[PDB]
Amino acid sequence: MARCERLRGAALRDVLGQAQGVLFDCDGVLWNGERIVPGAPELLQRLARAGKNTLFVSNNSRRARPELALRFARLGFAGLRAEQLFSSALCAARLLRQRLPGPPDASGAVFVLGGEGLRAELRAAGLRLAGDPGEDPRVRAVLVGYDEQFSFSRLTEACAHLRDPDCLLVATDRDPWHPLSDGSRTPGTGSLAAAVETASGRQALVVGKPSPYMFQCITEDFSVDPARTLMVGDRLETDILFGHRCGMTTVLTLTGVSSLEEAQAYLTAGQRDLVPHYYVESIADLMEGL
């Protein structure tokens, strides 16, 4: 039962040694916008050298796997394999492929409220998109992602497809909003998903943290022992909650969305699923254990 203590000194050396791997959230953890978190690449390198597995799990649905891989390299994280990178975009594509196969054939298409990266992730899995060239097949699912082209007419069209009860509704994540480097905020997929759900009268299947699905998607590709895995993230209600649900050890870093006091407030309120085991000022602080 999580106590939100500062991970330093001996405990930190013990926690890292016991670890098989570290699951890292990306935004607010490795970088903020185009500014990397100092020590972050050096941390990853030392982790690898110490033979501790690293994986990356992000609710960001803007970047397909190849562009996310480029971003890591560009910002200075070398030696990563694309296979280590999980976004809600990737896992939505895999969930939709799973739900849409069958003994039946001639499936259908996905209507996507989202950007080019999310679309590209679905095409890479072999799904067809409403609005691509050629045949208009039956729309069999609506996917809601981070959609800067969101509009009333696109909301209306989503709901029309959802009048068919067999048409699925999937959302990449419910993150409600995100910080920008200028201090302003941008609405998150959760706000778009809420509009689509309310207008269509449906409940969405949510793929991203804190949904366990994000973890299944990962364990299909790697063996992960939740007991010996650290889940590291900056957001209490997505990363920490996810970590608790998966039975992992949880580390809040303070470089991102949540504050140490928000965590303490959950603790005093006895909401244990939202309380991290440990916190650090920065993921750079983890290095003193290697």
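Start at 1 with the first residue shown and count on from there.
The mean Cα B-factor in the deposited entry runs higher for 70-78 than for the other of 85-93 and 70-78. When the mean C-alpha temperature factors of 94-102 and 117-125 are read from the deposited coordinates, 94-102 comes out higher. Taking only the listed residues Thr238, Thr255, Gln45, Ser58, the entry reports the highest CA temperature factor at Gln45. The entry lists a Cα temperature factor for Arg35 that places it in the middle third of the chain's modelled residues. When the modelled residues of the chain are ordered by C-alpha B-factor, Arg49 sits in the highest third.
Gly145 sits in the lowest third of its chain by CA B factor, as recorded in the PDB entry. When the CA B factors of the chain's modelled residues are split into thirds, the value for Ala64 lands in the lowest one. In this PDB entry, the Cα temperature factor of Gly134 sits in the top third of its chain's modelled residues, the highest group.
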